[PDB]
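Remarks on the structure that follows.
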Amino acid sequence: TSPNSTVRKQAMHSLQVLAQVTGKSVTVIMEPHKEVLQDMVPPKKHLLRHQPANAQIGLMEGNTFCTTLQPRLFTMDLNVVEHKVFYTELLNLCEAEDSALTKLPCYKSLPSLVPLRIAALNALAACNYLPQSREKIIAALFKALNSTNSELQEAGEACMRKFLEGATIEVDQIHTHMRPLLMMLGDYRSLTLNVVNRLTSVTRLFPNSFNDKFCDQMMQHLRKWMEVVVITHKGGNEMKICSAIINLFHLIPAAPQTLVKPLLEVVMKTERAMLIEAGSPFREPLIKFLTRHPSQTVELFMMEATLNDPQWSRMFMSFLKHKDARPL
């Protein structure tokens with residue numbers, strides 16, 4: 001529970017090393033000592049609001065560590081007053097606005113709340129075994145997963161991955177929590193890089209969520225974004241938007257093989273307009289998608305007319321030379 005992040009992480013790593021060398025588990029090693037944690041896991045004698053931010057993060061990380069062990073060293077029970085207080089503080093920290101935290105004196109001087117929010121989210125995701133909590137925890141995890149902050153988004157994805165290891169989540173819950181984002185992406189201008197990153201995280205965690213019609217909508221949006229990229233190039237983040245959208249396809253299991261032809265056509269059109277082959281950032285995600293349907297790609301490229309057309313032949317040769325193109 002040390003406030004010093006280096007010493008805390010080295011102690012946790014040291015306990016894991018000791019468990020690996022001895023062959024015992026971390027819980028067995030920590031079990032006779034755990035008396036020394038009784039005041040800290042969960043924090044009893046002080047409210048976290050009174051404690052400095054570094055101490056708060058250290059206590060939350062220590063709680064996450066003790067609760068994440070395979071046999072839990074401490075099991076939180078919401079019937080215990082201190083445990084409910086700690087859980088409520090974690091929920092408030094995850095849910096509250098940045099301005100509501102800033103007015104609190106302990107946070108008032110942090111350069112960024114984001115490390116505190118990540119530590120709180122990790123401490124909340126560790127409570128996957130309490131059946132009463134799950135709805136609020138899932139709501140907080142989805143709020144973090146939908147955060148415009150990149151670091152908070154990645155932390156939300158990781159915490160959701162950690163939470164799903166010990167708790168189920170229903171498809172209805174996913175659809176209800178993701179409905180605000182899915183409704184907004186009807187127009188192509190709404191597809192910022194953050195939105196596509198959030199969709200990527202959702203499809204990584206929950207592959208079932210997205211179906212064929214979503215892939216068609218993403219294809220239409222990608223066509224419009226590639227047209228915008230070409231217009232911008234002719235006039236002189238859209239390239240990253242395009243690349244992320246293409247990368248989204250190979251992570252959706254419901255993406256049909258029929259997408260290969262329009263995807264190749266739009267990438268070829270954009271590259272020909274921009275006159276780029278080596279510097280094209282569309283090849284890396286496209287080859288990931290093509291390797292998922294290698295027979296369709298080979299049959300499309302190995303057509304006589306397509307092998308005569310020098311541009312398509314060049315694109316085929318470039319794909320076949322790639323490291324990931326073993327299926328092709």
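If you're wondering about the labels, chains in the structure tokens are A, B, ... by order shown, residues count from 1 in each chain, ligands from 1 in order shown.
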
* **Surrounding residues of residue 325 of chain A excluding itself and chain neighbours under 5 positions, 10 Å, only C-alpha atoms, as a ChimeraX atom specification** => /A:287-288,290-292,294,318-320

Using the selection just defined, write its residues with N, CA and C atoms as a PDB file, in the first residue's frame.
ATOM      1  N   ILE A 287      -4.436  -5.952 -45.102  1.00  0.00           N
ATOM      2  CA  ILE A 287      -3.877  -7.298 -45.168  1.00  0.00           C
ATOM      3  C   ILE A 287      -4.379  -8.146 -44.006  1.00  0.00           C
ATOM      4  N   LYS A 288      -4.616  -7.532 -42.843  1.00  0.00           N
ATOM      5  CA  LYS A 288      -5.216  -8.263 -41.732  1.00  0.00           C
ATOM      6  C   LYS A 288      -6.620  -8.732 -42.083  1.00  0.00           C
ATOM      7  N   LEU A 290      -7.770  -9.174 -45.248  1.00  0.00           N
ATOM      8  CA  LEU A 290      -7.708 -10.092 -46.381  1.00  0.00           C
ATOM      9  C   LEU A 290      -7.312 -11.496 -45.944  1.00  0.00           C
ATOM     10  N   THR A 291      -6.389 -11.606 -44.987  1.00  0.00           N
ATOM     11  CA  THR A 291      -5.963 -12.919 -44.517  1.00  0.00           C
ATOM     12  C   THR A 291      -7.081 -13.688 -43.824  1.00  0.00           C
ATOM     13  N   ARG A 292      -8.136 -13.007 -43.380  1.00  0.00           N
ATOM     14  CA  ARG A 292      -9.286 -13.699 -42.813  1.00  0.00           C
ATOM     15  C   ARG A 292     -10.150 -14.360 -43.876  1.00  0.00           C
ATOM     16  N   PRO A 294      -8.863 -15.539 -47.263  1.00  0.00           N
ATOM     17  CA  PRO A 294      -7.792 -15.592 -48.270  1.00  0.00           C
ATOM     18  C   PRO A 294      -8.238 -16.148 -49.610  1.00  0.00           C
ATOM     19  N   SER A 318       2.376  -6.949 -53.831  1.00  0.00           N
ATOM     20  CA  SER A 318       2.726  -6.307 -52.570  1.00  0.00           C
ATOM     21  C   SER A 318       2.088  -7.027 -51.391  1.00  0.00           C
ATOM     22  N   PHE A 319       0.831  -7.454 -51.536  1.00  0.00           N
ATOM     23  CA  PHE A 319       0.194  -8.191 -50.448  1.00  0.00           C
ATOM     24  C   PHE A 319       0.852  -9.545 -50.221  1.00  0.00           C
ATOM     25  N   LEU A 320       1.207 -10.254 -51.296  1.00  0.00           N
ATOM     26  CA  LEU A 320       1.794 -11.581 -51.135  1.00  0.00           C
ATOM     27  C   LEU A 320       3.162 -11.531 -50.473  1.00  0.00           C
TER      28      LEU A 320
END

* Mind the document's chain letters and residue numbers, and return as a PyMOL selection string the residues of segment 21-185 of chain A that DSSP labels helix (DSSP H, G or I). => chain A and resi 21-22+26-30+34-37+53-68+81-95+98-102+114-125+134-145+150-164+171-184

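The neighbours of segment 310-315 of chain A here are the residues that come within 10 Å of it, using only C-alpha atoms and leaving out any residue fewer than 2 positions away in the same chain; they are residues 264, 265, 268, 272, 277, 283, 300, 301, 302, 305, 306, 307, 308, 317, 318, 319 and 320 of chain A.
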
Filtering to N, CA and C atoms, could you give me those residues as a PDB file, in the first residue's frame?
ATOM      1  N   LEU A 264     -11.119  -3.354 -51.351  1.00  0.00           N
ATOM      2  CA  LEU A 264     -10.004  -3.258 -52.284  1.00  0.00           C
ATOM      3  C   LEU A 264     -10.234  -2.146 -53.297  1.00  0.00           C
ATOM      4  N   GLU A 265     -11.467  -2.004 -53.788  1.00  0.00           N
ATOM      5  CA  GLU A 265     -11.747  -0.971 -54.778  1.00  0.00           C
ATOM      6  C   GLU A 265     -11.531   0.423 -54.204  1.00  0.00           C
ATOM      7  N   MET A 268      -7.756   1.020 -53.595  1.00  0.00           N
ATOM      8  CA  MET A 268      -7.071   1.259 -54.860  1.00  0.00           C
ATOM      9  C   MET A 268      -7.398   2.634 -55.422  1.00  0.00           C
ATOM     10  N   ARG A 272      -4.535   5.427 -55.940  1.00  0.00           N
ATOM     11  CA  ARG A 272      -4.300   5.934 -57.286  1.00  0.00           C
ATOM     12  C   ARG A 272      -4.488   7.444 -57.347  1.00  0.00           C
ATOM     13  N   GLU A 277       2.041   4.130 -52.976  1.00  0.00           N
ATOM     14  CA  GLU A 277       2.025   2.692 -52.738  1.00  0.00           C
ATOM     15  C   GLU A 277       2.823   2.294 -51.507  1.00  0.00           C
ATOM     16  N   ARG A 283      -2.434  -0.446 -46.051  1.00  0.00           N
ATOM     17  CA  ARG A 283      -2.041  -1.824 -46.325  1.00  0.00           C
ATOM     18  C   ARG A 283      -2.036  -2.673 -45.060  1.00  0.00           C
ATOM     19  N   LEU A 300     -10.284 -13.208 -56.427  1.00  0.00           N
ATOM     20  CA  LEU A 300     -10.476 -11.882 -57.005  1.00  0.00           C
ATOM     21  C   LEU A 300      -9.239 -11.421 -57.767  1.00  0.00           C
ATOM     22  N   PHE A 301      -8.058 -11.562 -57.160  1.00  0.00           N
ATOM     23  CA  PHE A 301      -6.845 -11.095 -57.825  1.00  0.00           C
ATOM     24  C   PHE A 301      -6.413 -11.998 -58.975  1.00  0.00           C
ATOM     25  N   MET A 302      -6.618 -13.308 -58.865  1.00  0.00           N
ATOM     26  CA  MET A 302      -6.161 -14.219 -59.909  1.00  0.00           C
ATOM     27  C   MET A 302      -7.067 -14.252 -61.133  1.00  0.00           C
ATOM     28  N   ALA A 305      -8.456 -10.718 -66.208  1.00  0.00           N
ATOM     29  CA  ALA A 305      -8.488  -9.271 -66.389  1.00  0.00           C
ATOM     30  C   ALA A 305      -7.790  -8.556 -65.240  1.00  0.00           C
ATOM     31  N   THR A 306      -7.939  -9.073 -64.019  1.00  0.00           N
ATOM     32  CA  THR A 306      -7.299  -8.451 -62.866  1.00  0.00           C
ATOM     33  C   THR A 306      -5.791  -8.684 -62.848  1.00  0.00           C
ATOM     34  N   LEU A 307      -5.325  -9.830 -63.349  1.00  0.00           N
ATOM     35  CA  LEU A 307      -3.888 -10.033 -63.509  1.00  0.00           C
ATOM     36  C   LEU A 307      -3.300  -9.245 -64.672  1.00  0.00           C
ATOM     37  N   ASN A 308      -4.104  -8.896 -65.676  1.00  0.00           N
ATOM     38  CA  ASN A 308      -3.606  -8.031 -66.740  1.00  0.00           C
ATOM     39  C   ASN A 308      -3.510  -6.575 -66.300  1.00  0.00           C
ATOM     40  N   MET A 317       0.950  -8.452 -55.720  1.00  0.00           N
ATOM     41  CA  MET A 317       2.328  -8.814 -55.403  1.00  0.00           C
ATOM     42  C   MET A 317       2.762  -8.202 -54.079  1.00  0.00           C
ATOM     43  N   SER A 318       2.376  -6.949 -53.831  1.00  0.00           N
ATOM     44  CA  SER A 318       2.726  -6.307 -52.570  1.00  0.00           C
ATOM     45  C   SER A 318       2.088  -7.027 -51.391  1.00  0.00           C
ATOM     46  N   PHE A 319       0.831  -7.454 -51.536  1.00  0.00           N
ATOM     47  CA  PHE A 319       0.194  -8.191 -50.448  1.00  0.00           C
ATOM     48  C   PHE A 319       0.852  -9.545 -50.221  1.00  0.00           C
ATOM     49  N   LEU A 320       1.207 -10.254 -51.296  1.00  0.00           N
ATOM     50  CA  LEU A 320       1.794 -11.581 -51.135  1.00  0.00           C
ATOM     51  C   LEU A 320       3.162 -11.531 -50.473  1.00  0.00           C
TER      52      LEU A 320
END

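Counting from atom CA of residue 82 of chain A, the distance to atom CA of residue 44 of chain A is 5.9 Å.
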
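With only C-alpha atoms taken into account, the protein and nucleic acid residues at most 8 Å from residue 152 of chain A (excluding it and anything under 6 positions from it in its own chain) are residues 114, 117, 118, 144 and 145 of chain A.
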
With the cut-off set at 7 Å and counting only C-alpha atoms, tabulate each residue of segment 204-323 of chain A with an atom at most that distance from an atom of segment 187-198 of chain A, showing the nearest atom pair and its distance in Å to one decimal, ordered by chain and increasing number, as JSON lines.
{"residue": "A:221", "atom": "CA", "partner": "A:188", "partner_atom": "CA", "distance": 5.0}
{"residue": "A:240", "atom": "CA", "partner": "A:193", "partner_atom": "CA", "distance": 6.9}
{"residue": "A:241", "atom": "CA", "partner": "A:193", "partner_atom": "CA", "distance": 5.2}
{"residue": "A:244", "atom": "CA", "partner": "A:196", "partner_atom": "CA", "distance": 6.4}
{"residue": "A:245", "atom": "CA", "partner": "A:196", "partner_atom": "CA", "distance": 6.5}

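Comparing the minimum interatomic distances between residue 81 of chain A and each of A:121, A:280, A:42, A:164, counting only C-alpha atoms, we find that A:42 sits nearest.
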
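You will find atom CA of residue 219 of chain A at 15.3 Å from atom CA of residue 253 of chain A.
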
* To do: Name the closest residue to residue 259 of chain A among the candidates A:273, A:37, A:155, A:218; distances are taken between atoms, counting only C-alpha atoms.
  => A:218

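The protein and nucleic acid residues lying at most 7 Å from residue 122 of chain A are residues 64, 118, 126 and 159 of chain A, with only C-alpha atoms considered and sequence neighbours fewer than 4 positions away removed.
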
For those residues, write N, CA and C atoms to a file as a tab-separated table (two decimals), in the first residue's frame.
chain	number	residue	atom	x	y	z
A	64	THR	N	-6.62	-3.50	-5.00
A	64	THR	CA	-6.77	-4.22	-6.25
A	64	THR	C	-5.89	-5.46	-6.28
A	118	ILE	N	-7.99	5.98	-13.22
A	118	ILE	CA	-7.59	4.64	-13.64
A	118	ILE	C	-7.43	3.73	-12.43
A	126	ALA	N	-12.14	-5.00	-9.78
A	126	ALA	CA	-11.78	-6.15	-8.97
A	126	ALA	C	-12.96	-6.69	-8.16
A	159	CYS	N	-9.71	-2.76	-17.88
A	159	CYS	CA	-10.49	-3.10	-16.69
A	159	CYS	C	-11.70	-3.95	-17.05
